[PDB]
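First up is the structure itself, then whatever we jot down about it.
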Amino acid sequence: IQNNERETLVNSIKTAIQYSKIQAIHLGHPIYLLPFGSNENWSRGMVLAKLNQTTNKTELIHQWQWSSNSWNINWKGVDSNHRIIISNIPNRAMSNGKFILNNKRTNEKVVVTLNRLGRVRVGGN
């Protein structure tokens with residue numbers, strides 16, 4: 001019995017930006033990964049939404065809604081804009097920030113590092 005609902009808010013936030021870096025490169029234009037209900041906090045899920053440049057409307061593609069209300073998703077982004085712009089190219093699509101998950105009734109803190117960079121720092125001695 002290992003029903004740990006901790007790593008299901010990590011393996012579903014590092015796998016809800018990797019499914020969207022293909023919904024950009026496959027439309028030749030960037031997309032907007034917003035929090036679910038973007039007028040409070042990223043703590044009610046995330047929604048991948050694209051803008052249709054011929055009917056000026058935000059089309060919802062995917063919805064990840066956290067069915068466990070015990071993880072305060074706090075985005076330490078260096079941007080006061082809760083909109084992760086996924087560039088439609090594999091080498092210009094990293095929004096510097098990390099989701100700090102905090103369970104405030106069993107003091108646990110889980111830092112989701114978006115270290116989506118396979119380029120090894122080969123250098124030095």
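As shown in the structure tokens, the chain order sets the letters A, B, ...; within each chain, residues go from 1, and ligands are also counted from 1 in the order they appear.
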
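All residues of protein, DNA or RNA that reach within 7 Å of residue 96 in chain A, judged by only C-alpha atoms and not counting those fewer than 2 positions away in the chain, are residues 77, 78 and 94 of chain A.
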
Please, could you write that set of residues out with C-alpha atoms as an mmCIF file, in the first residue's frame?
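Result written to out_37.cif:
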data_model
loop_
_atom_site.group_PDB
_atom_site.id
_atom_site.type_symbol
_atom_site.label_atom_id
_atom_site.label_comp_id
_atom_site.auth_asym_id
_atom_site.auth_seq_id
_atom_site.Cartn_x
_atom_site.Cartn_y
_atom_site.Cartn_z
ATOM 1 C CA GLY A 77 8.406 32.224 -11.427
ATOM 2 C CA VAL A 78 10.562 35.299 -12.143
ATOM 3 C CA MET A 94 11.863 27.344 -20.665
#

Would you list, as a PyMOL selection string, the residues of range 21-119 of chain A that end up in strand (DSSP E) under DSSP run on this structure's backbone? chain A and resi 31-35+46-52+57-64+72-75+84-86+98-103+108-113

Can I get the selected residues back with N, CA and C atoms, as a CSV table (one decimal), in the first residue's frame?
chain,number,residue,atom,x,y,z
A,31,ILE,N,1.7,28.7,-27.4
A,31,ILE,CA,0.5,28.4,-26.7
A,31,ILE,C,0.7,28.9,-25.3
A,32,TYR,N,-0.4,29.0,-24.6
A,32,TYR,CA,-0.5,29.6,-23.2
A,32,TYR,C,-0.9,28.6,-22.2
A,33,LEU,N,0.0,28.1,-21.4
A,33,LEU,CA,-0.3,27.2,-20.3
A,33,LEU,C,-0.7,28.1,-19.1
A,34,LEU,N,-2.0,28.2,-18.8
A,34,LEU,CA,-2.5,29.0,-17.7
A,34,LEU,C,-3.0,28.1,-16.5
A,35,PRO,N,-3.0,28.7,-15.3
A,35,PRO,CA,-3.6,28.0,-14.2
A,35,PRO,C,-5.2,27.9,-14.4
A,46,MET,N,-4.2,23.2,-14.0
A,46,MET,CA,-3.6,24.0,-15.1
A,46,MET,C,-4.3,23.6,-16.4
A,47,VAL,N,-4.4,24.6,-17.3
A,47,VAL,CA,-5.1,24.4,-18.6
A,47,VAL,C,-4.3,24.9,-19.7
A,48,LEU,N,-4.0,24.1,-20.7
A,48,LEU,CA,-3.3,24.4,-21.9
A,48,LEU,C,-4.3,25.0,-22.9
A,49,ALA,N,-4.1,26.3,-23.2
A,49,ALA,CA,-5.0,27.0,-24.1
A,49,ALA,C,-4.2,27.7,-25.2
A,50,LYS,N,-4.7,27.6,-26.5
A,50,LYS,CA,-4.1,28.2,-27.6
A,50,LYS,C,-5.0,29.3,-28.2
A,51,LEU,N,-4.4,30.3,-28.7
A,51,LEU,CA,-5.2,31.4,-29.4
A,51,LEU,C,-5.3,31.2,-30.9
A,52,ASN,N,-6.5,31.2,-31.4
A,52,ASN,CA,-6.8,31.0,-32.8
A,52,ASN,C,-6.7,32.3,-33.5
A,57,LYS,N,-10.1,33.8,-30.4
A,57,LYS,CA,-10.7,33.1,-29.2
A,57,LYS,C,-9.7,32.1,-28.6
A,58,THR,N,-9.6,32.1,-27.3
A,58,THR,CA,-8.8,31.2,-26.6
A,58,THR,C,-9.4,29.8,-26.5
A,59,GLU,N,-8.8,28.8,-27.3
A,59,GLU,CA,-9.3,27.5,-27.4
A,59,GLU,C,-8.6,26.6,-26.3
A,60,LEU,N,-9.4,25.9,-25.5
A,60,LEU,CA,-8.9,25.1,-24.4
A,60,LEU,C,-8.6,23.7,-25.0
A,61,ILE,N,-7.3,23.3,-24.8
A,61,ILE,CA,-6.9,22.0,-25.4
A,61,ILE,C,-6.9,20.9,-24.3
A,62,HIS,N,-6.3,21.1,-23.1
A,62,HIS,CA,-6.2,20.1,-22.1
A,62,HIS,C,-6.5,20.8,-20.7
A,63,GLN,N,-7.0,20.0,-19.8
A,63,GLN,CA,-7.3,20.4,-18.4
A,63,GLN,C,-6.8,19.4,-17.4
A,64,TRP,N,-5.8,19.8,-16.6
A,64,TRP,CA,-5.3,19.0,-15.5
A,64,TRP,C,-5.9,19.6,-14.2
A,72,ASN,N,-0.8,23.2,-1.9
A,72,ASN,CA,-0.8,24.6,-2.4
A,72,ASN,C,0.3,24.8,-3.4
A,73,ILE,N,-0.1,24.9,-4.7
A,73,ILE,CA,0.9,25.1,-5.8
A,73,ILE,C,1.3,26.5,-5.8
A,74,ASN,N,2.6,26.8,-5.4
A,74,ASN,CA,3.1,28.2,-5.4
A,74,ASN,C,4.2,28.3,-6.4
A,75,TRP,N,3.9,29.0,-7.5
A,75,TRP,CA,4.8,29.2,-8.6
A,75,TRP,C,5.9,30.3,-8.3
A,84,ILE,N,2.5,30.6,-18.7
A,84,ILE,CA,3.8,30.0,-19.2
A,84,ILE,C,3.7,29.9,-20.8
A,85,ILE,N,4.4,30.8,-21.4
A,85,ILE,CA,4.4,30.8,-22.9
A,85,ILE,C,5.3,29.7,-23.5
A,86,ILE,N,4.7,28.7,-24.0
A,86,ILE,CA,5.4,27.6,-24.6
A,86,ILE,C,5.8,27.9,-26.0
A,98,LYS,N,9.8,27.6,-10.6
A,98,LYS,CA,9.6,26.3,-10.0
A,98,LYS,C,8.4,26.2,-9.1
A,99,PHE,N,7.6,25.2,-9.2
A,99,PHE,CA,6.3,25.0,-8.4
A,99,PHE,C,6.7,24.5,-7.0
A,100,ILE,N,6.5,25.3,-6.0
A,100,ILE,CA,6.7,24.8,-4.6
A,100,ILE,C,5.3,24.3,-4.1
A,101,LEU,N,5.2,23.0,-4.0
A,101,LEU,CA,4.0,22.4,-3.4
A,101,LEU,C,4.1,22.3,-1.9
A,102,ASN,N,3.1,22.7,-1.2
A,102,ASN,CA,3.1,22.8,0.2
A,102,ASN,C,1.8,22.2,0.8
A,103,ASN,N,1.9,21.1,1.6
A,103,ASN,CA,0.8,20.5,2.3
A,103,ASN,C,0.7,21.1,3.7
A,108,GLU,N,4.8,19.4,4.7
A,108,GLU,CA,5.6,18.8,3.6
A,108,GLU,C,5.8,19.8,2.5
A,109,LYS,N,7.0,19.9,1.9
A,109,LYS,CA,7.2,20.9,0.8
A,109,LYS,C,8.0,20.2,-0.3
A,110,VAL,N,7.5,20.2,-1.5
A,110,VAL,CA,8.0,19.5,-2.7
A,110,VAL,C,8.3,20.5,-3.8
A,111,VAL,N,9.6,20.7,-4.1
A,111,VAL,CA,10.1,21.7,-5.1
A,111,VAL,C,10.2,21.0,-6.4
A,112,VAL,N,9.2,21.3,-7.3
A,112,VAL,CA,9.3,20.8,-8.7
A,112,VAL,C,10.2,21.7,-9.5
A,113,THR,N,11.4,21.2,-9.8
A,113,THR,CA,12.4,21.8,-10.6
A,113,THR,C,12.1,21.5,-12.1

Kindly indicate which residue among A:82, A:88, A:116, A:71 lies nearest to residue 6 in chain A, using only C-alpha atoms for the distances.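 Checking each of A:82, A:88, A:116, A:71 against residue 6 in chain A, counting only C-alpha atoms, the winner is A:71.
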
Distance of CA of residue 76 in chain A from CA of residue 18 in chain A, expressed in Å to one decimal place: 19.0 Å

Would you mind telling me which residue in A:11, A:125, A:56, A:115 lies nearest to residue 93 in chain A when using only C-alpha atoms?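 Looking only at the distances to residue 93 in chain A, the closest residue turns out to be A:115.
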
What's the separation between CA of residue 80 in chain A and CA of residue 37 in chain A, in Å to one decimal place?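 Distance reported for this atom pair: 16.1 Å.
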
What is the CA of residue 8 in chain A-CA of residue 65 in chain A distance in Å, reported with one decimal?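 Here the two named atoms are 11.9 Å from each other.
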
Which polymer residues have any atom within 9 Å of an atom of residue 66 in chain A, counting only C-alpha atoms, with same-chain residues fewer than 3 positions away left out, as a short mmCIF file (atom, residue, chain, number, x, y, z; two decimals) with C-alpha atoms, in the first residue's frame?
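Just written: part_26.cif:
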data_model
loop_
_atom_site.label_atom_id
_atom_site.label_comp_id
_atom_site.auth_asym_id
_atom_site.auth_seq_id
_atom_site.Cartn_x
_atom_site.Cartn_y
_atom_site.Cartn_z
CA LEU A 9 1.41 16.26 -8.11
CA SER A 43 -3.67 25.53 -6.88
CA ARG A 44 -6.78 24.29 -8.73
CA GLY A 45 -5.09 22.70 -11.77
CA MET A 46 -3.64 23.95 -15.08
CA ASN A 69 -7.00 19.76 -2.28
CA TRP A 71 -1.14 20.81 -2.23
#

Residue 95 in chain A proximity check over A:22, A:120, A:114, A:13, using only C-alpha atoms: winner is A:114

Which one is closest to residue 23 in chain A: A:67, A:87, A:107, A:55? Count only C-alpha atoms. A:87
